[PDB]
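Worksheet for the structure shown next.
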Amino acid sequence: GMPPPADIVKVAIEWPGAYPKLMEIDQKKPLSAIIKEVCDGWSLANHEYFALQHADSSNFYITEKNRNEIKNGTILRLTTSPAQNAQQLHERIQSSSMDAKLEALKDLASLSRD
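For the sequence shown, counting from 1, position 89 maps to 88 in the deposited numbering; every step adds exactly one.
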């Protein structure tokens with residue numbers, strides 16, 4: 000026999016200064032992985048900042064619910080998410096050094112000089 004056809008849908012995505020990106024939205028895949036596959040097509044950094052948007056009608060941002068409004072041949076748009084803004088209370092400055100040693104430590108030794 001043969002299984003039922005997949006619910007995967009082809010889309011065209013808008014972005015400023017570029018031609019529309021053709022790609023396929025798999026309804027089984029996470030939107031975070033799909034958005035990473037959008038922004039990498041234009042070499043755009045920090046995919047966590049981004050969301051998909053409907054360009055043809057509604058202007059609904061894509062979500063785990065709103066992904067079901069997408070059909071084959073939907074005109075979408077890439078945009079930074081309304082969730083991206085947050086209070087600038089702290090920063091992970093620990094990337095500069097994990098542990099500042101008092102002296103440079105080593106254990107290298109040899110029988111004789113080179």
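Backbone N, C-alpha and C fix where the C-beta goes; we use that ideal spot for every residue, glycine too.
DSSP beta-bridge partners of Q52 = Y60, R76.
inquiry  = Using only CA atoms, which one of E47, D98, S80 lies nearest to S31?
reply    = Scanning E47, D98, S80 for the CA closest to the CA of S31 turns up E47.
First through last residue of the alpha helix (DSSP H) which encompasses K100 = DSSP places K100 in no alpha helix (DSSP H); its state is neither H nor E.
ask   = Is the distance from the Cβ of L43 to the Cβ of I12 below 9 Å?
value = No; because the gap between Cβ atoms is not below 9 Å, this pair is not in contact.
message = Using 9 Å as the threshold, is the C-beta distance between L77 and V37 below it?
response = Cβ atoms of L77 and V37: closer than 9 Å.
inquiry  = Buried or exposed for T62, going by 16 or more other Cβ atoms inside 10 Å?
reply    = With fewer than 16 Cβ atoms within 10 Å of its Cβ, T62 is classed as exposed.
message = Suppose you measure from the CA of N45 to the CA of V8; what does that come to, to the nearest Å?
response = Distance between the alpha carbons of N45 and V8 is about 25 Å.
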